[PDB]
Every structure is written in C-alpha cells, then in structure tokens.
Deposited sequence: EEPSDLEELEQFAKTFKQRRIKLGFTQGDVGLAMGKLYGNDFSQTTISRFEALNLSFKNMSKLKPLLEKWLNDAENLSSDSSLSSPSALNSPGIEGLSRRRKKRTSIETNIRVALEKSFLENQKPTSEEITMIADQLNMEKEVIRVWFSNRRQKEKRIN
C-alpha cells in the first residue's frame, strides 16, 4: 500500500542526504539497534522487493534509525565441500541423522549445517 511505499522513497532521500550508503546503514543498524542487516536487505527495502510483511516488520526498525541518525551468520560452503556434498547427495538424497554425522565428521562440518544443506538441496531439486 502507499503508506509503505512512500516511506521507502522518503527513506532513501534522507539516507542519501545524510551521506550514507545502504551498507553504512545496515551496519550502524546492528550497533544502534543490536540487530544486524545487510546492504542487500536495505537495498531490497528501499525498493519494495521485500514481502509486504517483511517490509511491514522492517519499516519501524528503520524509522527509528533515521530519526536517531538525524541469527546465525551465513556459513560459506567451499568448493571442495560442495563437490563432496553433491556427490553424497546423488548417492542418497535423504541421509539419516547418523549418516549425517558421518558426513559432517568426514568433512569437519557441524552436523546441523550438513542437515540443513541436504534439506535445502532436496528443496532445490524440487524446483524446475
């Protein structure tokens, strides 16, 4: 709705006038509010490329920062490790908890990360 898209528009203006980059914001946002956001989120926000609900929930967080102004970190799966996981995935798309423990161990990755990786991978497989 308008009451939402407008703010996005106003925000970018002030942000820019304030000398800040979507990055600068998302970073001071984490200190000034404890949370933590990425340049990608802020960009996505000033652009209404967030869900109506994501936008909604986010707007206030920003309303505070502008006025003032005026979650596990994403694991990076390295090539070597993906190749191993794709392979293991072609062998078995649904390894069990333990098979997951062996895979995690064998790779020196946290059981949980591995568990999610497989789940995401099946989800991937399901799209086409």
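Undergrad: Could you spell out the stretches of the deposited sequence that were left without C-alpha coordinates, going in sequence order?
TA: Going by the record, the segments left unmodelled (no C-alpha atoms) fall at 1-5, 76-100, 159.
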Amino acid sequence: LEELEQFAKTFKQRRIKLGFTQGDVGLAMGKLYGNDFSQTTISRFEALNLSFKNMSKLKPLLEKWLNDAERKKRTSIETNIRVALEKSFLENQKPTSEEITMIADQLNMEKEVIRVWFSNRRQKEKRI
From here on, numbers count along this sequence of modelled residues.
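Undergrad: Could you check which stretch, 82-90 or 41-49, carries the larger mean CA temperature factor in the entry?
TA: That would be 41-49.
Undergrad: Regarding 31-39 and 95-103, which shows the higher C-alpha temperature factor on average in the entry?
TA: If you average the C-alpha B-factors of 31-39 and of 95-103, the larger mean comes out for 31-39.
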